[PDB]
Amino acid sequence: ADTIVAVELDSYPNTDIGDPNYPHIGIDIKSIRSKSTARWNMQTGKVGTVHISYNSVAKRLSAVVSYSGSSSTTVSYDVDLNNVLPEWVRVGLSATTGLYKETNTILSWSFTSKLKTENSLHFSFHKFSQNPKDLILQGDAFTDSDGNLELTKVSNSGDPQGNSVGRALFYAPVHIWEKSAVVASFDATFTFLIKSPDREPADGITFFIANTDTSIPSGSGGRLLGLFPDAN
């Protein structure tokens, strides 16, 4: 099984598997059951922005989501990710739909990792090309004619389809920590557009870090966000 650290943008409350009452942002450490959540006041139909950051000295993984001119929602969790992830990881974005749906559109994605022992990896996408060679697209993930990364199935009219899962992994493995490292840090930004007809959009988007060979776990559909094989 994969090792997952994720920041989830969870549009759909699954209280029966640990979710709070409402859409929330969450820090997921090896379980869909968030270690820390904050209430996410969704603005379906508007472009959202997520900023994620961590450094191995502060050991605080923090995420903030906002829309233009809105209140931001922040969530934090003290965690030494060295105890969780392998030295070499891949970073990615995942999304699902289930019984309920939403577009899981990524409009931009950037990521900077740094490893002082100064090693560094930065990538940033504003356009996604029709054939992203530097992306590993998994499942229903695809780039559309607007150069948007669509993590989950969307029809031609642009209606999201349910029971879809998809992710994009940056092609290059990231060295997020190392024995002699004095400090490893990473930051990530993605902007997203969740549109839905359902009065309860589902299921969400995550930025995630995993073992380099990470694949979509069987049964990771819907509330599991394409990240976990079960709700444990």
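One-based numbering along the sequence shown.
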**Request:** Note how many residues of the deposited chain are left out of the model between residue 117 and residue 118; the options are none, 1 to 3, 4 to 9, and 10 or more.
**Result:** 4 to 9
**Prompt:** Is the mean CA B factor in the deposited entry higher across 185-193 or across 63-71?
**Reply:** 63-71
**Asked** Taking the recorded C-alpha temperature factors, which stretch has the higher mean, 33-41 or 172-180?
**Response** 172-180
**Asked** Mind checking which third residue 230 falls in for C-alpha B-factor across the chain?
**Response** middle
**Prompt:** Among the chain's modelled residues, which third holds the C-alpha B-factor of residue 96?
**Reply:** lowest
**Message:** Among the modelled residues of this chain, does the Cα B factor of residue 147 put it in the lowest, middle or highest third?
**Reply:** highest
**Item:** residue 212 - Cα temperature factor, lowest/middle/highest third of chain
**Value:** middle
**Fill in**
Chain-relative C-alpha B factor for residue 218 (record values, thirds): the highest
